[PDB]
Amino acid sequence: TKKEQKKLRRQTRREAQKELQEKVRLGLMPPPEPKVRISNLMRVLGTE
RNA sequence: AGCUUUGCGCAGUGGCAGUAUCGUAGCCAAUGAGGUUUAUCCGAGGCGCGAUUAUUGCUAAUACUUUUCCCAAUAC
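Under the PDB entry, chain A has the name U4/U6 small nuclear ribonucleoprotein Prp3 and belongs to Homo sapiens. This entry carries the title "cryo-EM structure of the human spliceosomal B complex protomer (tri-snRNP core region)".

In structure tokens:
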């Protein structure tokens, strides 16, 4: 069903992101960088 | 051999709103949920409960003194 498909997709995404965050918690993958863009150039790296 | 439609995944680029998002070994539901209008007509979720910054994670802001050397005859 549409609800079952959406539920399956959501569970898969949550499992993937939870495993990724556990990997980040255990040094296997360095912590994510802020997603800087042109509009983000001055909120993240203003002084720089 | 291109063109193109539908649904589903993975992404990328955006825009919009935080009075909403999610859960449902709880209950009911196309053998019909819900019906205010269009009712011899429409046609799906609804109720109860639970979590919460009205989804959830991170990142950052909120500091200096241990050590270690010393005075002396060309003489009764």
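Once the structure has been displayed, the description carries forward.
A.B. asks: Can you walk me through a positive patch on the surface in this structure?
C.D. replies: A surface patch of positive charge is lined by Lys6, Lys7, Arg9, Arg10 and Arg13. Tracing the sequence through the fold places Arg10 in helix α1 (residues 2–25).

A.B. asks: What is the right way to look at the protein's contact with RNA strand B in this model?
C.D. replies: Lining the immediate surroundings of RNA strand B are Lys3, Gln5, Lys7, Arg9, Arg10, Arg13, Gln21, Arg25, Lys35 and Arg37. Looking at RNA strand B alone, sugar and phosphate atoms form 94% of those within 4 Å of the protein. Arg10 places a polar side-chain atom, nitrogen or oxygen, 2.6 Å from a phosphate oxygen of RNA strand B. At 2.4 Å from a phosphate oxygen of RNA strand B is found a side-chain nitrogen or oxygen belonging to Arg37. Tallied by class, residues from the surface near RNA strand B come to no nonpolar, two polar and eight charged.

A.B. asks: Teacher, can you tell me more about α1 here?
C.D. replies: Turn by turn, an α-helix covers 3.6 residues, leaving residues three or four places apart pointing in a common direction. Between its first and last C-alpha atoms α1 spans 34 Å; for 24 residues at 1.5 Å apiece the expected length is 34 Å, and the two agree. Little of α1 sits out of view: just zero of its 24 residues are buried. Within two residues after α1, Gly27 carries a phi angle of roughly 70 degrees, on the positive side.

Parameters at a glance
Residues numbered from 1 in each chain as written, not as in the entry; some residues may be left out. Chains lettered and ligands numbered in written order. Part of a larger assembly, values for the part shown. Heavy atoms only, no water. Patch = residues over 30% accessible without salt bridge, like charges linked within 9 Å, V, L, I, M, F, W, Y side chains within 5 Å. Areas by Shrake-Rupley, 256 points an atom, 1.4 Å probe, with all protein chains shown as cover. Salt bridge = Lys/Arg side-chain N within 4 Å of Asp/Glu carboxyl O. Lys, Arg positive; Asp, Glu negative; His and termini not counted. Charge placed at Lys NZ, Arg CZ, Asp CG, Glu CD. Helix = DSSP H or I, 4+ residues; strand = E, 2+ residues; numbered from the N terminus. Near = heavy atom within 4 Å. Polar contact = N/O pair within 3.5 Å; in protein donor to acceptor, adjacent residues only side chain to side chain. Nonpolar A, V, L, I, M, F, W, Y, C, P; charged D, E, K, R; others polar. Expected span 1.5 Å × (residues − 1). Buried < 20%, exposed > 50% of the residue type's maximum accessible area, 1.4 Å probe, protein only.

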